[PDB]
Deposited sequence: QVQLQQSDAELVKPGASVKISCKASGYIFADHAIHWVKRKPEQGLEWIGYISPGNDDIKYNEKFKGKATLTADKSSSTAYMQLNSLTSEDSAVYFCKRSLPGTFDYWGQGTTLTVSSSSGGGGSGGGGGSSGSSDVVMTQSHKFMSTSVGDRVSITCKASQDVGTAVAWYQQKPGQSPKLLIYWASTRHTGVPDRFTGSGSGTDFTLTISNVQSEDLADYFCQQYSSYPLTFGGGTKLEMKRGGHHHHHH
């Protein structure tokens, strides 16, 4: 009964704008911020910004200032992200999602933008970098899998882990470095603090073959690891 329903795939010309919607239901719209996230095929997640409709607080990733504009219509419980001045570098899957990593984590189904030099934003030299050493990892059913994420600065224990399967939205596994999200199988454990974080999958099953991503929420902008695709040996 919680739902975040995004608008349909968009196909546009370079230089156009698009406005992607995120219709929220099944909770009080005012009580949770809606975040926006960009995913490029085979590549890492990037945090765009949030809008907090209950207190009209809007925060952007500096990288997306001049590219993204977030609004929210309390009358329709709808969050909007407008992307302006579009280039091929804007072609991606865009997600809306609820809250920070934790018990209210919930994702829209995603919206694919397809756009028919160097005008895009850059990360700050100050931003935390989350490095997953392996882009690909092989296992056998029943083995233990360890996926590690190194942060470029002390992020304390404000680290989450997500699973994502093709055409599906990310699913929260772990937050606060070691806390399992409701419903996640016992075999998923998280550990770590400071700069070193690990997701362990004990007794790994075929349904666990997927991409895994770490995220720090110690400081803005929120940043994600590059992802590890776990596959069968």
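Non-modelled portions of the deposited polymer sequence, in sequence order
Coordinates drop out over 117 to 124, 242 to 250.
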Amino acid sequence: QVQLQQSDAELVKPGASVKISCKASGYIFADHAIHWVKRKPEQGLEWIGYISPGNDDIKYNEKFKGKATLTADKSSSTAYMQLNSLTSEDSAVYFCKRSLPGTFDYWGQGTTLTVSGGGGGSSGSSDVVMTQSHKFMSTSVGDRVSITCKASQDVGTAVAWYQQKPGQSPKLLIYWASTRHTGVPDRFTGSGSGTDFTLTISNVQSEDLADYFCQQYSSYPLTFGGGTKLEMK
From here on, numbers count along this sequence of modelled residues.
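May I ask you to compare 49 to 57 and 162 to 170 by their mean CA B factor in the entry and name the higher one?
Higher mean C-alpha B-factor in the PDB entry: 162 to 170.
213 to 221 versus 12 to 20: which one carries the higher mean Cα B factor per the record?
The stretch with the larger mean CA B-factor is 12 to 20.
With respect to the C-alpha temperature factors reported in the PDB entry, which of 125, 71, 76, 99 ranks highest?
Of the options given, 125 has the highest CA B-factor in the PDB entry.
Consider only the C-alpha atoms of the modelled residues in this chain, order them by B-factor as the entry records it, and name the third containing residue 121: lowest, middle or highest.
Its C-alpha B-factor belongs to the highest third of this chain's values.
Lowest, middle or highest third: where is residue 113 by C-alpha B factor in its chain?
It belongs to the highest third of the chain when residues are ordered by C-alpha B-factor.
Position of residue 183 among the chain's modelled residues by C-alpha B-factor, lowest, middle or highest third:
Highest third, going by the recorded CA B-factors of the chain.
How does the C-alpha B factor of residue 82 compare with the rest of the chain: lowest, middle or highest third?
It belongs to the middle third of the chain when residues are ordered by C-alpha B-factor.
Please place residue 38 in the lowest, middle or highest third of its chain according to the CA B-factor in the PDB entry.
Ranked within chain, residue 38 CA B lands in the middle tercile.
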